[PDB]
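Only one chain is included here, represented as structure tokens and corresponding to the form deposited in one PDB entry.
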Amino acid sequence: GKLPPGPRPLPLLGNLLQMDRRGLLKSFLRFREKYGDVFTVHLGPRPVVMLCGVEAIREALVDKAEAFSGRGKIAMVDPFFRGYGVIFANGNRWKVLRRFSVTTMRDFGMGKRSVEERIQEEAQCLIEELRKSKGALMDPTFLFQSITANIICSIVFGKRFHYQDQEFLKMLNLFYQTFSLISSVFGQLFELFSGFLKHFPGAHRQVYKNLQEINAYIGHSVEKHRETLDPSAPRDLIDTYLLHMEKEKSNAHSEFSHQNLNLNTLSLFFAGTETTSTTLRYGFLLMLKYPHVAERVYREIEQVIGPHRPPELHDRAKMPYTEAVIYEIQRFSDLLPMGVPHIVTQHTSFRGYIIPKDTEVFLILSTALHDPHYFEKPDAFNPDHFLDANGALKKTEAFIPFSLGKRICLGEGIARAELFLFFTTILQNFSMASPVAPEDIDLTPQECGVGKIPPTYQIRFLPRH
């Protein structure tokens, strides 16, 4: 008959004095102990409903999709995106951009490469680079970002960038820094007190600046595309958008605007790059800490694929152990622990509570990924979490790192293909080493907010043979 129960708030501060210094997620997990799976937290001036566990999350996103499919704000990036692009759009804008993005992220036209082939080619470029790396120590972040960025680039720009391109690397650095700043303790505080903190210097201003710098490239690329556009033969996603723009130009309210073009494109690149690369970063740190897992994956690669033939998506069904390892990397790395904020679009009943229209909702994906009923000892890295007694792949409904329902990650298929192909192609060709003994490796995230970000680390890729 009212909102879900929760800690008693104070005017101005909301529930600040009841929060945990370790961050938002820890805070909400402490509230879950007391209130259960459905509760309200006042983040500064705003009530936010938290939903925990796969049952509550699925009930909201799947069974009640007519109410829970709205997109909420991330305070650190809202001043930039301002509801433009598919991630941060609502209503008809979202309908149009989602439909457009889904179609263009999968259909490239006659005589164009499949997603699979794009990844396989990028994987071969990566192996070549790693061979030329001379077994040197590196932080692999730049390469994990390059390979994933290049998949999106091939779709959006119709090209890839070279690993040596300093201007490409500058953009990748901006994505990396931005994701870290957003996920920082300041970024989390801003979620509570943006109304006040927006008047002062801080990370929010650096985030704005970083994003506009990336956007500057996108805008210029759009103009280059427009100058060379052949309506009979669109080259890429940008061309296809420009054609819709032309078609709808007599409509002043067309969603196919330049602001949607720039910011949808930026949205796709940001999500397409930072998600998969961060997962890869964690994945290889985990392989350094658990070398027996990496050794067992390599044995499976040897037995199924061999040393020379490039891995392909068809190999997945015959590689239950490798698939389990990747599932477990995703489960353990818990990329977006609180997902991306939703908003309720209409007055709704949920488990006896009344949630008014326009009430922000966080689906705490982390609580599903760490559910001890689905994953025994969920705090530990263990590929057996995704294997049955016979060593066959055991998929589970608790595995929801891409979320669920209408807003489900539109890049899920691309991401899974990237994870499998890049992971297997690297391990086929290289073993890993570092100066830190497995027992000494610390998996504690460098940042844990909107994103869970692994610590920096050094690694060697040693050619096999």
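For clarity, a rigid core is taken as the largest C-alpha set superposing within 1.5 Å between two forms. Each residue number is its position in the shown sequence, starting from 1.
There is another form of this protein, the form deposited in another entry, and it is not shown here; the text below is about that form.
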Mobile residue between the shown form and the other one, C-alpha criterion 2 Å or more, rigid core, from 90, 345, 257, 124: 257
C-alpha of residue 299: shift of 2 angstroms or more between the shown form and the other one, rigid core aligned? no
Would you say whether residue 394 is displaced between the shown form and the other one, judging by a C-alpha shift of 2 Å or more on the superposed rigid core? no
Residue 313: CA shift of at least 2 Å between the shown form and the other one after core fit? no
Can you tell whether residue 125 sits closer to or farther from residue 106 in the other entry than it does here, judged by CA atoms, where the change is 3 Å or more? farther
Assert for residue 106-residue 268 (C-alpha, 3 Å or more) in the other entry vs reference form: pair farther
